[PDB]
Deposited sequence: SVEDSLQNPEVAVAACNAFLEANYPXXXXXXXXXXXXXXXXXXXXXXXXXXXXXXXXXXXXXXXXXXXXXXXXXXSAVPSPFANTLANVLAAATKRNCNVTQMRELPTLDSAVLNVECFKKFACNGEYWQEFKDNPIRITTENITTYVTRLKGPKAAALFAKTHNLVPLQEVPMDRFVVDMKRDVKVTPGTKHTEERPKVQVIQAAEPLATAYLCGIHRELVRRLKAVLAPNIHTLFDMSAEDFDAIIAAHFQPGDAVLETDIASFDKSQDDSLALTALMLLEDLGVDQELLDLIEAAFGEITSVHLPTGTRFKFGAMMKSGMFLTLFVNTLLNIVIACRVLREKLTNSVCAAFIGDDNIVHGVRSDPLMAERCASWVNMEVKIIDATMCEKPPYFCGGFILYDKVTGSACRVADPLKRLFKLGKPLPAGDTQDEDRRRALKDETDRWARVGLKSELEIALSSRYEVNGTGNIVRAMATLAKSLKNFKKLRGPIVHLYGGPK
């Protein structure tokens, strides 16, 4: 009955019909990791506008809600340490923090000559005046742009791991996390029949609650982001993330804006954590494992109640959407894939996602673009992962939950599915 599919064109037709039926190492769709238009990075622009209204304009019912948000975040997801130590010591990036950037990106002698080229006095904080200038607020000196980019990336790395410092051992973020670390975390705590609360947030591309922007600002301040770093980020992006990008247009941005995108994703993940602290409360603290990335989160051992939703809707312009899931029954989704249970090995693993991979190969690929796995071998090997018998039934029920239903055989001829 599955014999037609091993023709490539019946396969592509079944894929088109499936992807029409359900139309609406860790692809989240340095690093430390025909559509609707939205700004370059909306949430960062919101945060900087809130920073401007911190003094230019002064909003109780929003600032009080922001305070309640920060205190829920600090009580339900944090161990309770390093807050005064992080406030009393704002983030300052050294010349060593730039070496470990230029070496890990281009090499040791590159960093030697770079520091050697900008008088990077070692063990010393990088003096901001070497790459930003006041006007008579601040502005990037157009001469040395790589320095500003490197020190923005240093801010990003320090923010990431300081968040890692403040959070409780059960709260996990996908930053700085190797695939095998995530594998171990997933395998230790996910057995067949476990309850998993999955959550999506589909509105980080639109105006915040404004209390959420002010919350993110306060949490960045508590992490060590002072007014000077704020001024730096303003000069870097305060005139860039107010503009929408043409949908259907390829852009090859510089590194400063990949870093802007990075702390945008960071602020989004922070807001995800605070929203989960807001909805789950104690059930988040006592979970043995909670994972967050961007607008994706899963929480182990927690099941919904009729009254999570009256708080899920408590945000304007936000669509916070719960999903109840059960290991091997409702296989949960997280960050471009499912959490299945390989059960020849007897452990839970995370594997990628056919709907998203196929909707991804629905777009054309040129030759100038590097192809680590061209001609659908990146598809061949995870077809081999989800067409082996320790996974395939758990996956077919996962897709019964998501979405014939045996498209994995149709996925094996490559350039036909692009259409």
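Walk along the deposited sequence from position 1 and note every stretch that has no C-alpha coordinates. Several regions go unmodelled: 1, 26 to 31, 37 to 61, 66 to 75, 101 to 104, 183 to 198, 466 to 469, 479 to 484, 492 to 502.
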